[PDB]
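Containing mmCIF, C-alpha atoms and all ligand atoms: model-v1.cif.
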data_target
loop_
_atom_site.group_PDB
_atom_site.id
_atom_site.type_symbol
_atom_site.label_atom_id
_atom_site.label_comp_id
_atom_site.auth_asym_id
_atom_site.auth_seq_id
_atom_site.Cartn_x
_atom_site.Cartn_y
_atom_site.Cartn_z
ATOM 1 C CA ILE A 1 142.386 135.975 88.232
ATOM 2 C CA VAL A 2 142.673 138.190 91.324
ATOM 3 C CA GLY A 3 141.126 137.067 94.600
ATOM 4 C CA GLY A 4 140.046 133.718 93.208
ATOM 5 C CA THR A 5 140.694 130.097 94.110
ATOM 6 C CA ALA A 6 141.967 126.929 92.477
ATOM 7 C CA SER A 7 139.405 125.221 90.270
ATOM 8 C CA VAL A 8 138.432 121.569 90.467
ATOM 9 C CA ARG A 9 139.644 119.572 87.474
ATOM 10 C CA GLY A 10 137.037 119.480 84.720
ATOM 11 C CA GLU A 11 134.955 122.116 86.513
ATOM 12 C CA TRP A 12 135.188 124.470 83.522
ATOM 13 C CA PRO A 13 135.410 121.967 80.588
ATOM 14 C CA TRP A 14 134.927 124.685 77.939
ATOM 15 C CA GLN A 15 137.960 126.649 79.172
ATOM 16 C CA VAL A 16 141.052 126.355 76.981
ATOM 17 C CA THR A 17 144.527 127.814 77.288
ATOM 18 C CA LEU A 18 145.814 129.399 74.080
ATOM 19 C CA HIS A 19 149.594 129.158 73.693
ATOM 20 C CA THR A 20 152.022 130.782 71.285
ATOM 21 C CA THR A 21 155.221 128.946 70.348
ATOM 22 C CA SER A 22 157.098 132.173 69.557
ATOM 23 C CA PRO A 23 159.790 132.815 70.671
ATOM 24 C CA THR A 24 159.377 129.932 73.113
ATOM 25 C CA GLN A 25 156.042 128.434 74.114
ATOM 26 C CA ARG A 26 153.932 130.282 76.693
ATOM 27 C CA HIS A 27 150.289 130.864 77.635
ATOM 28 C CA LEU A 28 148.841 133.780 75.663
ATOM 29 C CA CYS A 29 145.127 133.933 76.395
ATOM 30 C CA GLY A 30 142.057 132.131 77.590
ATOM 31 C CA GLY A 31 139.298 130.923 75.281
ATOM 32 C CA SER A 32 136.023 128.972 75.202
ATOM 33 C CA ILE A 33 134.990 125.850 73.283
ATOM 34 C CA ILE A 34 131.668 126.665 71.648
ATOM 35 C CA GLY A 35 131.893 124.107 68.811
ATOM 36 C CA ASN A 36 133.681 120.874 68.002
ATOM 37 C CA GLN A 37 136.217 122.958 66.055
ATOM 38 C CA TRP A 38 135.499 126.493 67.287
ATOM 39 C CA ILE A 39 137.114 128.437 70.119
ATOM 40 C CA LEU A 40 135.579 131.793 71.028
ATOM 41 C CA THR A 41 138.090 134.279 72.423
ATOM 42 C CA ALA A 42 139.220 137.930 72.375
ATOM 43 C CA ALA A 43 140.434 139.717 69.236
ATOM 44 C CA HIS A 44 143.027 141.779 71.106
ATOM 45 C CA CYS A 45 144.805 138.545 72.019
ATOM 46 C CA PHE A 46 146.264 138.524 68.515
ATOM 47 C CA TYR A 47 148.196 141.787 68.520
ATOM 48 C CA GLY A 48 151.415 141.016 66.637
ATOM 49 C CA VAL A 49 150.248 137.513 65.747
ATOM 50 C CA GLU A 50 150.977 137.216 62.029
ATOM 51 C CA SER A 51 150.082 133.570 61.525
ATOM 52 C CA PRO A 52 147.850 130.899 63.114
ATOM 53 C CA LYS A 53 150.870 128.643 62.677
ATOM 54 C CA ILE A 54 152.368 129.741 65.994
ATOM 55 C CA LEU A 55 149.176 129.008 67.957
ATOM 56 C CA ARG A 56 148.386 125.902 70.028
ATOM 57 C CA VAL A 57 145.080 125.308 71.805
ATOM 58 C CA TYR A 58 145.067 123.017 74.837
ATOM 59 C CA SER A 59 141.762 121.708 76.207
ATOM 60 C CA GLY A 60 141.026 119.734 79.357
ATOM 61 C CA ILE A 61 143.827 121.525 81.197
ATOM 62 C CA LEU A 62 143.761 122.347 84.924
ATOM 63 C CA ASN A 63 147.461 122.905 85.505
ATOM 64 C CA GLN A 64 149.813 124.462 82.955
ATOM 65 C CA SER A 65 152.431 121.938 84.090
ATOM 66 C CA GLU A 66 150.322 119.309 82.346
ATOM 67 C CA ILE A 67 151.504 120.982 79.157
ATOM 68 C CA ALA A 68 154.796 119.564 77.914
ATOM 69 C CA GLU A 69 156.388 118.889 74.537
ATOM 70 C CA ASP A 70 154.506 115.556 74.334
ATOM 71 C CA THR A 71 151.092 116.975 75.248
ATOM 72 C CA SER A 72 148.493 116.877 72.475
ATOM 73 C CA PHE A 73 147.014 120.166 71.297
ATOM 74 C CA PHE A 74 144.747 121.510 68.582
ATOM 75 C CA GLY A 75 146.339 123.505 65.803
ATOM 76 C CA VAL A 76 144.652 126.677 64.570
ATOM 77 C CA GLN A 77 143.594 126.735 60.935
ATOM 78 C CA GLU A 78 142.129 130.218 60.879
ATOM 79 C CA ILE A 79 141.880 133.288 63.085
ATOM 80 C CA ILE A 80 138.686 135.204 62.570
ATOM 81 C CA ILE A 81 138.656 138.694 64.014
ATOM 82 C CA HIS A 82 135.588 140.913 63.942
ATOM 83 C CA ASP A 83 136.192 143.344 61.078
ATOM 84 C CA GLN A 84 134.904 146.148 63.331
ATOM 85 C CA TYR A 85 137.519 145.562 66.025
ATOM 86 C CA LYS A 86 140.219 148.244 66.542
ATOM 87 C CA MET A 87 141.168 147.990 70.204
ATOM 88 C CA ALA A 88 139.814 146.321 73.352
ATOM 89 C CA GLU A 89 138.434 149.479 74.988
ATOM 90 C CA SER A 90 136.487 150.386 71.836
ATOM 91 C CA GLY A 91 134.605 147.115 71.641
ATOM 92 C CA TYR A 92 134.110 144.298 69.163
ATOM 93 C CA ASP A 93 136.819 142.467 71.100
ATOM 94 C CA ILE A 94 135.775 139.072 69.797
ATOM 95 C CA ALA A 95 137.391 136.396 67.671
ATOM 96 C CA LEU A 96 136.884 132.836 66.466
ATOM 97 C CA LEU A 97 139.568 130.190 66.184
ATOM 98 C CA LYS A 98 138.860 127.469 63.649
ATOM 99 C CA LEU A 99 140.818 124.426 64.805
ATOM 100 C CA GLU A 100 142.704 122.175 62.360
ATOM 101 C CA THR A 101 140.947 119.146 63.866
ATOM 102 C CA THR A 102 137.720 118.505 65.758
ATOM 103 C CA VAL A 103 137.496 118.293 69.541
ATOM 104 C CA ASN A 104 136.247 114.947 70.882
ATOM 105 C CA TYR A 105 133.838 116.027 73.648
ATOM 106 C CA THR A 106 134.326 114.522 77.103
ATOM 107 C CA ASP A 107 134.115 115.256 80.837
ATOM 108 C CA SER A 108 137.342 117.270 80.542
ATOM 109 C CA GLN A 109 136.372 119.111 77.362
ATOM 110 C CA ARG A 110 132.890 120.087 76.194
ATOM 111 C CA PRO A 111 131.290 123.212 74.697
ATOM 112 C CA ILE A 112 129.565 125.980 76.630
ATOM 113 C CA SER A 113 126.145 127.113 75.489
ATOM 114 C CA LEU A 114 125.883 130.547 73.860
ATOM 115 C CA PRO A 115 123.385 132.996 75.356
ATOM 116 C CA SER A 116 120.039 133.289 73.647
ATOM 117 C CA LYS A 117 118.669 136.663 72.454
ATOM 118 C CA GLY A 118 115.604 135.987 74.559
ATOM 119 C CA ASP A 119 118.094 135.746 77.423
ATOM 120 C CA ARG A 120 118.825 139.469 77.344
ATOM 121 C CA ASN A 121 116.360 140.155 80.150
ATOM 122 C CA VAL A 122 117.640 137.403 82.394
ATOM 123 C CA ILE A 123 119.465 138.456 85.540
ATOM 124 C CA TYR A 124 122.470 136.173 85.955
ATOM 125 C CA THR A 125 123.256 135.995 89.657
ATOM 126 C CA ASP A 126 125.807 133.205 89.463
ATOM 127 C CA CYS A 127 128.680 134.328 87.260
ATOM 128 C CA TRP A 128 132.312 133.293 87.350
ATOM 129 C CA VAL A 129 135.443 134.464 85.571
ATOM 130 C CA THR A 130 138.243 131.952 85.086
ATOM 131 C CA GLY A 131 141.805 131.876 83.888
ATOM 132 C CA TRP A 132 145.511 131.353 84.402
ATOM 133 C CA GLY A 133 145.931 135.139 84.499
ATOM 134 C CA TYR A 134 147.790 137.354 86.975
ATOM 135 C CA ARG A 135 146.799 137.371 90.597
ATOM 136 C CA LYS A 136 148.640 140.669 91.068
ATOM 137 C CA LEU A 137 149.124 143.549 88.649
ATOM 138 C CA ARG A 138 152.760 142.657 88.232
ATOM 139 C CA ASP A 139 152.856 138.888 88.613
ATOM 140 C CA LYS A 140 152.938 135.986 86.158
ATOM 141 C CA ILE A 141 150.849 133.204 84.641
ATOM 142 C CA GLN A 142 149.399 130.834 87.267
ATOM 143 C CA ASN A 143 149.881 127.071 87.082
ATOM 144 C CA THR A 144 146.414 126.130 88.352
ATOM 145 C CA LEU A 145 143.238 127.413 86.667
ATOM 146 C CA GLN A 146 141.680 130.037 88.952
ATOM 147 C CA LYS A 147 138.050 130.955 89.456
ATOM 148 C CA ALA A 148 136.209 133.854 91.076
ATOM 149 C CA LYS A 149 132.522 134.577 91.503
ATOM 150 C CA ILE A 150 131.751 138.145 90.437
ATOM 151 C CA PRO A 151 128.446 140.009 90.257
ATOM 152 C CA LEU A 152 127.412 141.744 87.053
ATOM 153 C CA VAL A 153 126.843 145.517 87.163
ATOM 154 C CA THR A 154 124.504 147.506 84.917
ATOM 155 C CA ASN A 155 126.114 149.296 81.986
ATOM 156 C CA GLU A 156 124.905 152.613 83.449
ATOM 157 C CA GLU A 157 126.918 151.906 86.570
ATOM 158 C CA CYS A 158 129.910 150.609 84.644
ATOM 159 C CA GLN A 159 129.841 153.828 82.657
ATOM 160 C CA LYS A 160 130.178 155.818 85.879
ATOM 161 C CA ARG A 161 133.316 153.872 86.769
ATOM 162 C CA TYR A 162 134.781 154.578 83.339
ATOM 163 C CA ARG A 163 133.948 158.192 82.456
ATOM 164 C CA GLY A 164 136.865 158.297 80.055
ATOM 165 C CA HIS A 165 135.383 155.445 78.003
ATOM 166 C CA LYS A 166 132.145 154.678 76.209
ATOM 167 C CA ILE A 167 130.548 151.569 77.669
ATOM 168 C CA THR A 168 128.280 150.253 74.912
ATOM 169 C CA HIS A 169 125.514 147.655 74.983
ATOM 170 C CA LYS A 170 127.926 145.269 73.279
ATOM 171 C CA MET A 171 129.920 145.315 76.519
ATOM 172 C CA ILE A 172 129.016 143.928 79.931
ATOM 173 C CA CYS A 173 130.800 144.602 83.224
ATOM 174 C CA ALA A 174 131.351 142.688 86.422
ATOM 175 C CA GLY A 175 132.981 143.483 89.715
ATOM 176 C CA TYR A 176 132.660 144.415 93.362
ATOM 177 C CA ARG A 177 132.219 148.047 94.435
ATOM 178 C CA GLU A 178 135.200 147.491 96.703
ATOM 179 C CA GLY A 179 137.056 145.393 94.124
ATOM 180 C CA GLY A 180 139.106 142.445 95.379
ATOM 181 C CA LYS A 181 138.043 139.890 92.746
ATOM 182 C CA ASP A 182 138.584 140.409 89.023
ATOM 183 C CA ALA A 183 140.216 139.061 85.878
ATOM 184 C CA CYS A 184 143.776 140.232 85.199
ATOM 185 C CA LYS A 185 146.614 139.908 82.662
ATOM 186 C CA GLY A 186 146.477 136.482 81.057
ATOM 187 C CA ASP A 187 142.782 135.875 81.577
ATOM 188 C CA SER A 188 141.891 137.695 78.350
ATOM 189 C CA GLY A 189 139.787 135.774 75.844
ATOM 190 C CA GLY A 190 138.565 133.557 78.658
ATOM 191 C CA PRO A 191 134.873 133.099 79.559
ATOM 192 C CA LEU A 192 132.615 134.908 81.993
ATOM 193 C CA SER A 193 130.369 131.919 82.703
ATOM 194 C CA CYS A 194 126.952 132.380 84.292
ATOM 195 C CA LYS A 195 124.850 129.483 85.488
ATOM 196 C CA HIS A 196 121.169 130.005 84.822
ATOM 197 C CA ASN A 197 118.553 127.317 85.269
ATOM 198 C CA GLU A 198 121.159 124.632 85.865
ATOM 199 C CA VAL A 199 122.881 125.490 82.595
ATOM 200 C CA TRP A 200 126.136 127.380 82.089
ATOM 201 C CA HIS A 201 126.017 130.199 79.567
ATOM 202 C CA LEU A 202 128.934 132.031 77.995
ATOM 203 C CA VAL A 203 127.782 135.537 78.955
ATOM 204 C CA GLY A 204 130.992 137.425 78.362
ATOM 205 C CA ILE A 205 134.553 137.329 77.119
ATOM 206 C CA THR A 206 137.300 138.762 79.325
ATOM 207 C CA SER A 207 138.337 141.933 77.530
ATOM 208 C CA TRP A 208 139.771 144.836 79.530
ATOM 209 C CA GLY A 209 139.770 147.130 82.556
ATOM 210 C CA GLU A 210 141.893 149.701 84.391
ATOM 211 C CA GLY A 211 144.358 147.787 86.536
ATOM 212 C CA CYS A 212 143.018 144.662 88.250
ATOM 213 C CA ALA A 213 140.424 144.129 90.983
ATOM 214 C CA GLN A 214 140.648 147.826 91.828
ATOM 215 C CA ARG A 215 137.853 149.442 93.817
ATOM 216 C CA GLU A 216 135.081 151.038 91.686
ATOM 217 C CA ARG A 217 136.662 149.604 88.513
ATOM 218 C CA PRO A 218 134.637 146.620 87.166
ATOM 219 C CA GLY A 219 136.156 144.286 84.630
ATOM 220 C CA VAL A 220 134.821 144.939 81.159
ATOM 221 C CA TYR A 221 133.698 141.990 79.032
ATOM 222 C CA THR A 222 132.463 141.514 75.481
ATOM 223 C CA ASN A 223 128.694 141.027 75.631
ATOM 224 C CA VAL A 224 128.429 137.683 73.816
ATOM 225 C CA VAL A 225 124.659 137.698 73.274
ATOM 226 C CA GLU A 226 125.209 140.667 70.945
ATOM 227 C CA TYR A 227 127.339 138.501 68.676
ATOM 228 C CA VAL A 228 125.284 135.350 68.222
ATOM 229 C CA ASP A 229 124.413 136.291 64.624
ATOM 230 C CA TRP A 230 128.053 137.143 63.929
ATOM 231 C CA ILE A 231 129.058 133.801 65.422
ATOM 232 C CA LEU A 232 126.512 131.901 63.330
ATOM 233 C CA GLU A 233 127.609 133.803 60.225
ATOM 234 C CA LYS A 234 131.349 133.168 60.674
ATOM 235 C CA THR A 235 130.967 129.533 61.741
ATOM 236 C CA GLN A 236 128.410 128.533 59.094
ATOM 237 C CA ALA A 237 130.476 126.948 56.295
HETATM 238 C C1 LIG B 301 144.169 139.984 79.054
HETATM 239 O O1 LIG B 301 144.433 138.911 80.030
HETATM 240 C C2 LIG B 301 143.973 141.227 79.901
HETATM 241 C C3 LIG B 301 142.792 141.057 80.908
HETATM 242 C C4 LIG B 301 142.632 142.291 81.783
HETATM 243 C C5 LIG B 301 141.202 142.570 82.169
HETATM 244 N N1 LIG B 301 141.289 143.368 83.392
HETATM 245 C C6 LIG B 301 140.374 143.557 84.365
HETATM 246 N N2 LIG B 301 139.150 142.987 84.341
HETATM 247 N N3 LIG B 301 140.724 144.348 85.392
HETATM 248 N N4 LIG B 301 143.619 142.262 78.920
HETATM 249 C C7 LIG B 301 144.075 143.485 78.791
HETATM 250 O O2 LIG B 301 144.938 143.992 79.513
HETATM 251 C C8 LIG B 301 143.388 144.227 77.670
HETATM 252 N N5 LIG B 301 143.862 145.640 77.570
HETATM 253 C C9 LIG B 301 143.354 146.556 78.494
HETATM 254 O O3 LIG B 301 142.522 146.200 79.365
HETATM 255 C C10 LIG B 301 143.688 147.934 78.519
HETATM 256 N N6 LIG B 301 143.094 148.766 79.525
HETATM 257 C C11 LIG B 301 143.344 150.196 79.749
HETATM 258 C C12 LIG B 301 142.112 150.786 80.426
HETATM 259 C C13 LIG B 301 144.607 150.397 80.629
HETATM 260 C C14 LIG B 301 144.652 148.328 77.551
HETATM 261 N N7 LIG B 301 145.190 147.455 76.641
HETATM 262 C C15 LIG B 301 144.812 146.139 76.675
HETATM 263 C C16 LIG B 301 145.509 145.342 75.652
HETATM 264 C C17 LIG B 301 146.527 144.436 76.138
HETATM 265 C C18 LIG B 301 147.278 143.638 75.233
HETATM 266 C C19 LIG B 301 147.051 143.698 73.819
HETATM 267 CL CL1 LIG B 301 148.048 142.684 72.878
HETATM 268 C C20 LIG B 301 146.024 144.611 73.293
HETATM 269 CL CL2 LIG B 301 145.689 144.767 71.617
HETATM 270 C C21 LIG B 301 145.259 145.424 74.233
HETATM 271 C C22 LIG B 301 145.335 140.084 78.028
HETATM 272 N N8 LIG B 301 145.232 140.693 76.888
HETATM 273 C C23 LIG B 301 146.434 140.589 76.199
HETATM 274 C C24 LIG B 301 147.397 139.879 76.904
HETATM 275 S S1 LIG B 301 146.821 139.347 78.385
#
Could you quickly redo this structure as structure tokens?
Ligand SMILES: *[C@](=O)([C]([C][C][C][N]C([N])=[N])[N]C(=O)[C]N1C(=O)C([N][C]([C])[C])=[C]N=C1C1=[C][C]=C(Cl)C(Cl)=[C]1)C1=N[C]=[C]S1
Amino acid sequence: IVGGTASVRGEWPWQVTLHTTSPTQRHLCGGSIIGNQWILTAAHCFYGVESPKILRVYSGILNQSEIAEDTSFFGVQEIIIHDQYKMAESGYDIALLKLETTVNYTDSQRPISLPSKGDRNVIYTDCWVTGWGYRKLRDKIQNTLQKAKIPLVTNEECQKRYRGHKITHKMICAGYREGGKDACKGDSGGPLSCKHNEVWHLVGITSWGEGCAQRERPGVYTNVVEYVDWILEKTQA
């Protein structure tokens, strides 16, 4: 996260850090608890990933340093990538992680509510992007979970900032005209959480963008509300 600040422990209880154990363990992407055994994240996070066996999901984390060899984690039983996904910039950058065990909800770990189709006309004015991602284009994973408030921008506007791409209705953008605050490398798969009516809603999934926090270059996120039926379909046993 660029231009953000340290989060308060348990402030974003649905936020998980997805680690890979290959070649040595390291943070790979962000993700969001949406079910007792379901993590919603970004499909592009799995480039090269051949098996769920090398994945480890850690919940209730604030600092990466909390994560050691003796720290409990959730194994991944299945990786479900949208069959229409090809690359981040094209869309359908969404994926589900079916955990090998169920998450016991608590103040440090609980699920975030999915947006409702009737919530497509709502104007979210209190959105935040979070992650252990880069603070600078060429930096490294951050120890403490960062947060940044970022206003949403209409797709028409986003399109103007990305004339080389096609911004579809299954995408949603957020950023400041002058940049300064944005998601960056390592925040991918993480949530774009918007508080509406005293309830936090998973509005988007950190997907892509040109550089980080650049002026006139909003971050592009997967528009979650467009995938509620897909999510129901893939999670319904
Ligand atoms: C994600 O942490 C980052 C988040 C960056 C979002 N940036 C922003 N709001 N300014 N994701 C990517 O870098 C995704 N991605 C891209 O955004 C582009 N953008 C073009 C316009 C330059 C290109 N390629 C990717 C991409 C990166 C990595 C993989 Cl493995 C794949 Cl398949 C695509 C992370 N995503 C992966 C690791 S960190």
If the PyMOL selection byres (((chain A and resi 11-28) around 6) and not hetatm) were run on this exact file, what residues would it hold? Put them as a PDB file with C-alpha atoms, in the frame of the given file.
ATOM      1  CA  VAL A   8     138.432 121.569  90.467  1.00  0.00           C
ATOM      2  CA  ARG A   9     139.644 119.572  87.474  1.00  0.00           C
ATOM      3  CA  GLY A  10     137.037 119.480  84.720  1.00  0.00           C
ATOM      4  CA  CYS A  29     145.127 133.933  76.395  1.00  0.00           C
ATOM      5  CA  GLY A  30     142.057 132.131  77.590  1.00  0.00           C
ATOM      6  CA  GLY A  31     139.298 130.923  75.281  1.00  0.00           C
ATOM      7  CA  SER A  32     136.023 128.972  75.202  1.00  0.00           C
ATOM      8  CA  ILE A  33     134.990 125.850  73.283  1.00  0.00           C
ATOM      9  CA  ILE A  54     152.368 129.741  65.994  1.00  0.00           C
ATOM     10  CA  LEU A  55     149.176 129.008  67.957  1.00  0.00           C
ATOM     11  CA  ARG A  56     148.386 125.902  70.028  1.00  0.00           C
ATOM     12  CA  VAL A  57     145.080 125.308  71.805  1.00  0.00           C
ATOM     13  CA  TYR A  58     145.067 123.017  74.837  1.00  0.00           C
ATOM     14  CA  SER A  59     141.762 121.708  76.207  1.00  0.00           C
ATOM     15  CA  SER A 108     137.342 117.270  80.542  1.00  0.00           C
ATOM     16  CA  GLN A 109     136.372 119.111  77.362  1.00  0.00           C
ATOM     17  CA  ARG A 110     132.890 120.087  76.194  1.00  0.00           C
ATOM     18  CA  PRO A 111     131.290 123.212  74.697  1.00  0.00           C
ATOM     19  CA  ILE A 112     129.565 125.980  76.630  1.00  0.00           C
TER      20      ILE A 112
END
Please, what distance in Å, to one decimal, runs between atom CA of residue A:221 and atom CA of residue A:76?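 Spanning atom CA of residue A:221 to atom CA of residue A:76 is a straight-line distance of 23.7 Å.
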From the list A:168, A:90, A:104, A:193, which residue is nearest residue A:226 when using only C-alpha atoms?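 Of A:168, A:90, A:104, A:193, the one nearest residue A:226, counting only C-alpha atoms, is A:168.
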*Skip residue A:83 itself and residues of its chain fewer than 4 positions away, then list as a list in words all residues within 10 Å of it, counting only C-alpha atoms.*
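In the requested form, the answer reads residues 43, 92, 94 and 95 of chain A.
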Fill in: d(atom CA of residue A:73, atom CA of residue A:53) in Å
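Atom-to-atom, atom CA of residue A:73 to atom CA of residue A:53, that is 12.7 Å.
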Using only C-alpha atoms and all ligand atoms, find each residue with an atom at most 7 Å away from ligand LIG 301 (chain B) and format the answer as a ChimeraX atom specification.
/A:28-29,44-47,87-89,133,182-189,206-213,218-220
Written file, previous selection with C-alpha atoms, as a PDB file, keeping the file's coordinate frame:
ATOM      1  CA  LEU A  28     148.841 133.780  75.663  1.00  0.00           C
ATOM      2  CA  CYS A  29     145.127 133.933  76.395  1.00  0.00           C
ATOM      3  CA  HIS A  44     143.027 141.779  71.106  1.00  0.00           C
ATOM      4  CA  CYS A  45     144.805 138.545  72.019  1.00  0.00           C
ATOM      5  CA  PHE A  46     146.264 138.524  68.515  1.00  0.00           C
ATOM      6  CA  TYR A  47     148.196 141.787  68.520  1.00  0.00           C
ATOM      7  CA  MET A  87     141.168 147.990  70.204  1.00  0.00           C
ATOM      8  CA  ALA A  88     139.814 146.321  73.352  1.00  0.00           C
ATOM      9  CA  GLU A  89     138.434 149.479  74.988  1.00  0.00           C
ATOM     10  CA  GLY A 133     145.931 135.139  84.499  1.00  0.00           C
ATOM     11  CA  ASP A 182     138.584 140.409  89.023  1.00  0.00           C
ATOM     12  CA  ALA A 183     140.216 139.061  85.878  1.00  0.00           C
ATOM     13  CA  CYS A 184     143.776 140.232  85.199  1.00  0.00           C
ATOM     14  CA  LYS A 185     146.614 139.908  82.662  1.00  0.00           C
ATOM     15  CA  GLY A 186     146.477 136.482  81.057  1.00  0.00           C
ATOM     16  CA  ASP A 187     142.782 135.875  81.577  1.00  0.00           C
ATOM     17  CA  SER A 188     141.891 137.695  78.350  1.00  0.00           C
ATOM     18  CA  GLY A 189     139.787 135.774  75.844  1.00  0.00           C
ATOM     19  CA  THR A 206     137.300 138.762  79.325  1.00  0.00           C
ATOM     20  CA  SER A 207     138.337 141.933  77.530  1.00  0.00           C
ATOM     21  CA  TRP A 208     139.771 144.836  79.530  1.00  0.00           C
ATOM     22  CA  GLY A 209     139.770 147.130  82.556  1.00  0.00           C
ATOM     23  CA  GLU A 210     141.893 149.701  84.391  1.00  0.00           C
ATOM     24  CA  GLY A 211     144.358 147.787  86.536  1.00  0.00           C
ATOM     25  CA  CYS A 212     143.018 144.662  88.250  1.00  0.00           C
ATOM     26  CA  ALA A 213     140.424 144.129  90.983  1.00  0.00           C
ATOM     27  CA  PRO A 218     134.637 146.620  87.166  1.00  0.00           C
ATOM     28  CA  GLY A 219     136.156 144.286  84.630  1.00  0.00           C
ATOM     29  CA  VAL A 220     134.821 144.939  81.159  1.00  0.00           C
TER      30      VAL A 220
END
Query raised in the report: Hey, can you check how far atom CA of residue A:214 sits from atom CA of residue A:157?
Result: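 That distance, rounded to one decimal, is 15.3 Å.
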With the PyMOL selection byres (((chain A and resi 195-205) around 9) and not hetatm) as the selection, what would be picked from this file? Answer as a ChimeraX atom specification, please. /A:31-32,34,40-42,93-94,112-116,122-129,171-173,188-194,206-207,220-225
Please produce an output containing C-alpha atoms for each residue in the selection, written as a CSV table (one decimal), keeping the file's coordinate frame.
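For reference, part.csv as written:
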chain,number,residue,atom,x,y,z
A,31,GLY,CA,139.3,130.9,75.3
A,32,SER,CA,136.0,129.0,75.2
A,34,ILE,CA,131.7,126.7,71.6
A,40,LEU,CA,135.6,131.8,71.0
A,41,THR,CA,138.1,134.3,72.4
A,42,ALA,CA,139.2,137.9,72.4
A,93,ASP,CA,136.8,142.5,71.1
A,94,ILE,CA,135.8,139.1,69.8
A,112,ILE,CA,129.6,126.0,76.6
A,113,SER,CA,126.1,127.1,75.5
A,114,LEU,CA,125.9,130.5,73.9
A,115,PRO,CA,123.4,133.0,75.4
A,116,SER,CA,120.0,133.3,73.6
A,122,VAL,CA,117.6,137.4,82.4
A,123,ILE,CA,119.5,138.5,85.5
A,124,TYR,CA,122.5,136.2,86.0
A,125,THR,CA,123.3,136.0,89.7
A,126,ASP,CA,125.8,133.2,89.5
A,127,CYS,CA,128.7,134.3,87.3
A,128,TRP,CA,132.3,133.3,87.4
A,129,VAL,CA,135.4,134.5,85.6
A,171,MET,CA,129.9,145.3,76.5
A,172,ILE,CA,129.0,143.9,79.9
A,173,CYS,CA,130.8,144.6,83.2
A,188,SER,CA,141.9,137.7,78.4
A,189,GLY,CA,139.8,135.8,75.8
A,190,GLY,CA,138.6,133.6,78.7
A,191,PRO,CA,134.9,133.1,79.6
A,192,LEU,CA,132.6,134.9,82.0
A,193,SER,CA,130.4,131.9,82.7
A,194,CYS,CA,127.0,132.4,84.3
A,206,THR,CA,137.3,138.8,79.3
A,207,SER,CA,138.3,141.9,77.5
A,220,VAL,CA,134.8,144.9,81.2
A,221,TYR,CA,133.7,142.0,79.0
A,222,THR,CA,132.5,141.5,75.5
A,223,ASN,CA,128.7,141.0,75.6
A,224,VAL,CA,128.4,137.7,73.8
A,225,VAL,CA,124.7,137.7,73.3
| For stretch 62-64 of chain A: contacts at 7 Å, only C-alpha atoms, fewer than 3 positions along chain excluded, given as a list in words |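 The residues satisfying every condition are residues 9, 67, 143, 144 and 145 of chain A.
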Review point. Could you write out as a ChimeraX atom specification the residues that the PyMOL selection byres (((chain A and resi 77) around 7) and not hetatm) matches in the shown file?
Key: /A:52,75-76,78,98-100
Using only C-alpha atoms, find the one residue out of A:6, A:153, A:120, A:230 that sits nearest to residue A:167.
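That would be A:153, the residue with the smallest distance to residue A:167.
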- Check the smallest atom-to-atom distance from each of A:158, A:237, A:141, A:150 to residue A:65 using all atoms listed in the file, then report the winner.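 Checking each candidate against residue A:65, we get A:141 as the closest.
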Hey, could you pull the box centre and edge lengths for stretch 27-43 of chain A, axis-aligned, 5 Å padding per side, all listed atoms, to one decimal in Å, as lines of an AutoDock Vina configuration file?
center_x = 141.0
center_y = 130.3
center_z = 71.8
size_x = 28.6
size_y = 28.8
size_z = 21.6
| query | A:152, A:96, A:2, A:49: which is nearest residue A:227, counting only C-alpha atoms? | reply |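 The closest residue to residue A:227 is A:96.
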Minimum-distance residue to residue A:7, chosen among A:176, A:147, A:91, A:134 (using only C-alpha atoms):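 Checking each candidate against residue A:7, we get A:147 as the closest.
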Min atom-atom distance to residue A:5 from the set A:82, A:178, A:235, A:132, counting all atoms listed in the file, belongs to A:132
